[PDB]
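Structure first, commentary second.
With ideal geometry, Cβ positions are generated from the backbone for all residues, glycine too; neighbour counts draw on all protein chains shown. All of the numbers you see were taken from the coordinates with simple rules; none came from a lab.
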Amino acid sequence: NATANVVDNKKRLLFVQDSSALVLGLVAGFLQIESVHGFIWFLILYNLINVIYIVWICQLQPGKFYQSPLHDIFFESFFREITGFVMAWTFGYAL
Amino acid sequence: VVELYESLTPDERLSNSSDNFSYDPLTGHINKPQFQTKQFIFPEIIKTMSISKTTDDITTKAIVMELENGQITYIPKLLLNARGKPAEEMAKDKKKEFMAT
Amino acid sequence: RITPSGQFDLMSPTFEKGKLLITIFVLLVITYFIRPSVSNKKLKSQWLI
Amino acid sequence: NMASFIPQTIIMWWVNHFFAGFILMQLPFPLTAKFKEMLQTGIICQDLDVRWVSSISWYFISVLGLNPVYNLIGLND
Amino acid sequence: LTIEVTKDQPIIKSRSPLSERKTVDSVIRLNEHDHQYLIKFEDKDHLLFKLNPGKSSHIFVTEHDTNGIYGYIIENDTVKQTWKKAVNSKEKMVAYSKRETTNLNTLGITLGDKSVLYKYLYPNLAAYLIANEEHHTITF
Amino acid sequence: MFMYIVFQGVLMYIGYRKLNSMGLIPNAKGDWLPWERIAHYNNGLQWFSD
Ligand SMILES: [C][C][C][C][C][C][C][C]C(=O)O[C]([C]OC(=O)[C][C][C][C][C][C][C])[C]OP([O])(=O)O[C][C]N([C])([C])[C]
């Protein structure tokens with residue numbers, strides 16, 4: 001049914017998400033965002049970047065490039081990206 | 001050394017209702033204290049005493065003493081601990097404190 | 001001047017900066033020297049070209 | 001797990017040796033008091049805060065959050 | 001005297017007497033913004049003093065002697081005796097101290113098992129020692 | 001299929017009960033202490049002294 005080409009585009013998504021969780025947080029630490037506003041800010045901007053990724057790079061068809069796309073873009077690698085955001089936010093708040 | 005607490009039961013505000021009460025001290029309605037006291041022995045005659053100050057009073061108060069010799073020595077308030085125990089009853093006493101002296 | 005709780009705001013007058021820079025430089029050079037060996041040996045031996 | 005056990009213990013050893021009895025920063029989020037017990041080992045105060053941390057806290061976060069940096073600099077399994 | 005402190009050598013800009021020319025025992029600074037002072041003359045006479053701009057809201061004062069602790073109330077720019085705690089013929093007060101104002105960082109000391117004792121914080125307190133002969137005792 | 005959900009819930013709840021509930025969770029009274037008030041004792045008085 002499916003081939004072993006999902007790994008490549010999955011890796012591209014992972015690179016995009018990783019590179020969009022260490023400039024968020026750093027920006028938050030530059031603005032001296034406080035405890036809960038920071039988390040709400042991160043959730044809003046991170047899901048916005050996921051949506052614009054679904055629109056722009058993926059051509060409005062999450063299927064045909066991932067299987068179960070709502071599971072794979074949004075919920076997968078979410079607790080591996082809140083923590084990188086926390087690291088960058090702590091690094092930014094201390095400068 | 002005597003230390004003053006609102007109530008000695010481990011979780012109680014017997015008084016000090018803080019929401020909207022607007023206490024009136026001149027009537028005498030205020031809450032009254034409870035206290036715990038201890039005594040210590042020092043070698044040398046202490047001529048006078050003071051307590052140190054900082055910008056925000058976070059660090060320990062460092063009771064500072066001028067002796068009869070003129071030498072000046074301080075001891076932190078952590079050493080002068082009321083509610084202390086003889087270090088036999090401090091072992092595996094979960095209720096005590098963090099780093100109970 | 002007295003410091004009842006120790007001096008934690010100002011770091012130290014006896015900080016060992018040179019040992020820390022020596023550790024960083026040792027790690028940097030050992031990585032830079034071990035990288036060609038692992039790269040060439042394992043990548044060219046695992047595919048048996 | 002030797003891969004887990006060797007380097008994290010070595011780094012804890014190095015951090016507790018070189019960086020002790022300091023206040024490094026304040027975290028942006030309020031922890032609970034047992035984290036004041038865990039994180040402020042350097043200092044012997046009693047009411048400083050929970051939000052003010054010694055140097056070891058910077059390791060306790062950097063262990064969890066370094067995966068994206070390792071991915072970006074270029075590494076593979 | 002009123003003195004102008006400058007980076008250079010200061011200047012004594014004013015000298016003048018008080019209203020009553022008696023020997024001065026002590027001076028207490030009253031509220032900062034009203035620029036008041038309570039002056040205790042030997043012979044134990046109290047004068048309220050309002051110097052210059054520096055160019056019910058009761059106010060309470062407390063004086064102590066070797067004979068006891070006295071207390072006063074300042075109302076309508078006049079001083080009034082309010083109570084007295086005087087020692088006996090053979091007692092003599094030796095040490096006295098006031099509660100210094102302190103920034104409040106934590107409201108209670110916390111125990112292991114995370115219970116909190118809620119330390120007593122009431123601002124208007126004073127402590128003193130009475131030394132008694134004829135029983136050889138020290139009272140706090 | 002709900003057996004998998006319930007079992008994974010038990011595996012999610014064992015960690016909460018056994019290890020995070022030792023001292024690292026609120027609903028203790030010693031955790032809401034930094035969000036309590038002072039009661040503003042005098043509110044009309046000064047009390048200067050020596
Ligand atoms: C390990 C990651 C770091 C997570 C720390 C939580 C950060 C969110 C946070 O600050 O919420 C705090 C954490 O107060 C507490 O410390 C209680 C924790 C409540 C969550 C427990 C989860 C089981 C509680 O909400 P709050 O409204 O009662 O506090 C006052 C408002 N605030 C100043 C916080 C804006």
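Across chain F, how large is the tail of the calculated P(r) beyond 13 Å, expressed as a percent of all Cα pairs? Distances greater than 13 Å cover 75 percent of the Cα pairs. Averaged over peptide C:3-16, the number of partner chain Cβ atoms lying within 10 Å of each residue's Cβ comes to 5. For each pair in B:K53/B:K95; B:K96/F:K18; B:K95/F:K18, compute the distance between the two Cα atoms and list the pairs where it is over 27 Å. Pairs exceeding 27 Å: B:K53/B:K95.
Residue by residue along B:31-39, Cβ atoms of other protein chains within 10 Å of the local Cβ number 2 on average. Counting only DSSP H runs of at least 4 residues, each contributing -39500 (n - 2.57), and dividing by the residue count of chain D, the helix-based mean residue ellipticity at 222 nm comes to -16000 deg cm²/dmol.
Residue pairs exceeding 22 angstrom between C-alpha atoms, taken from E:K92/E:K119; B:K77/E:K85; A:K11/C:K42; B:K47/B:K77: E:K92/E:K119; B:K77/E:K85; A:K11/C:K42. Here the average projected area of the convex hull drawn through the C-alpha atoms of the stretch E:2-82 stands at 7.3 nm².
Helix F:2-15 sits at what angle to the longest principal axis of chain F, using alpha carbons and giving 0 to 90 degrees rounded to 10? Once rounded, the angle reads 40 degrees. For the pair A:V7 and E:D77, label points projected 7 Å from Cα toward Cβ lie 9.3 nm apart. Label zone (C:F15, point 7 Å along Cα-to-C-beta; backbone nitrogen cut-off 15 Å) within the stretch D:3-30: D:18-25. Local charge for A:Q67 was computed over the other residues whose Cβ lies under 12 Å away, with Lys and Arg +1 and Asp and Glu -1, and equals 0. Scalar couplings 3J(HN,Hα) for the stretch B:51-65, obtained by applying the Karplus form with A = 6.51, B = -1.76, C = 1.60 to θ = phi - 60°, are 10, 7, 10, 9, 5, 10, 7, 9, 5, 5, 6, 6, 3, 10, 10 Hz; x denotes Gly and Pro. In this entry, chain A is assigned a mean projected area of 6.2 nm², taken as a quarter of its C-alpha convex hull surface. Using the beta-carbon distance between B:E68 and B:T101 and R0 = 35 Å, what value does 1/(1 + (r/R0)^6) give for FRET efficiency, to the nearest 0.05? It comes to 0.80.
Screening chain A for whole DSSP H helices of 27 Å or more along their axis (Cα) with average Kyte-Doolittle hydropathy at least -1.0 returns A:35-56. The calculated 222 nm mean residue ellipticity attributable to helices in chain A amounts to -18000 deg cm²/dmol, summing -39500 (n - 2.57) over DSSP H runs of n ≥ 4 and dividing by all residues.
Of all the stretches in chain C, which is the longest one without any exposed loop site, taking chymotrypsin sites (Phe, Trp or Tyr not before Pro) in a DSSP loop (any state but H, G, I, E, B) with at most 13 other Cβ atoms within 10 Å? For chymotrypsin sites (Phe, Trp or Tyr not before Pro) (loop position, at most 13 other Cβ atoms within 10 Å), the longest site-free span of chain C is C:16-46. The phi torsions of the stretch D:41-47, fed into the Karplus equation with coefficients 6.51, -1.76 and 1.60 and a -60° offset, translate into couplings of 4, x, 9, 10, 6, 10, 9 Hz, rounded to whole numbers, with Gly and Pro shown as x. With a Förster radius of 56 Å applied to the beta-carbon distance between E:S16 and E:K84, the computed FRET efficiency rounds to 0.95. The long axis of helix D:2-18 is offset from the longest Cα principal axis of chain D by roughly 40 degrees. Taking the convex hull of the alpha carbon positions in the stretch E:7-140 and averaging its projected area over all directions gives 15.3 nm².
Against chain C, whose longest principal axis comes from its Cα atoms, helix C:17-46 is set at around 10 degrees. Spin-label model, F:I14 to B:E12: label points 7 Å out along the Cα-to-beta-carbon direction sit 4.3 nm apart. The residue among A:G38, B:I41, B:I75 whose Cα reaches farthest toward the positive pole of the charge dipole of the protein assembly as shown, with charges on the beta-carbon of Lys, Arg, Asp and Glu, is A:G38. Per residue, the convex hull spanned by the Cα atoms of chain C measures out at 93 cubic angstrom. Distance distribution P(r), the stretch E:1-44, all Cα-Cα pairs, bin width 5 angstrom from 0: 5, 17, 16, 22, 21, 12, 5, 1 percent. If you plug the beta carbon distance of E:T2 and D:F29 into 1/(1 + (r/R0)^6) with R0 = 60 Å, you get a FRET efficiency near 0.70.
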